[PDB]
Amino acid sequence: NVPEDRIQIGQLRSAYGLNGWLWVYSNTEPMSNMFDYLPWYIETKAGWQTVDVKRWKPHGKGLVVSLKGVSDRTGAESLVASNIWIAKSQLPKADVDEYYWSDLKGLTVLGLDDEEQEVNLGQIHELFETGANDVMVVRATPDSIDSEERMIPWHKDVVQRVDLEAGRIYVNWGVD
């Protein structure tokens, strides 16, 4: 539960869209570093709640975030303006740094179109090193949106969440 010693790393602002997203203010720099902490302890009007980030993206001025379990407008409005904390001894853990191909075999890659709708890009087929960076190879499947093979950079700003439980990888990557 709520850690005794904690640091405020941000604040959920206004509701964004109709799919439960929310604008969020970060106390970290670069701002998106707030997304490397898992989980989040937010103080809502109905007590404390622990929350996991599923995906996020910069939008014009600032940032908008998608929290696991918050999928509608009403779910976002009831969190609006709540503060975000982390334990004093909580180290950031970006999933890109914590996972390797062997752990990812057979996961579905979920991208995001311009209209913030989740698209089944396909399945992770390979994850190699080029020398300068790591690249994730995604191949189409019968479930997939199309038949293309996509090269997606294995960088924390693109591949944001690995969820072995759901067998999915959430990436801020579009169709075209």
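Throughout, we count residues from 1 along the sequence that is shown.
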Stretch with higher mean Cα temperature factor, 47-55 vs 118-126, is 47-55
Comparing 107-115 with 28-36, the higher average Cα temperature factor in the PDB entry belongs to 107-115
Highest CA B factor of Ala87, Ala76, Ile84, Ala94, as deposited, is found at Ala76
Assert third(CA B-factor, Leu164) within chain per record equals highest
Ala132: C-alpha B-factor third of its chain, per the entry, is the highest
Among the modelled residues of its chain, the C-alpha B-factor of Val64 falls in the third labelled lowest
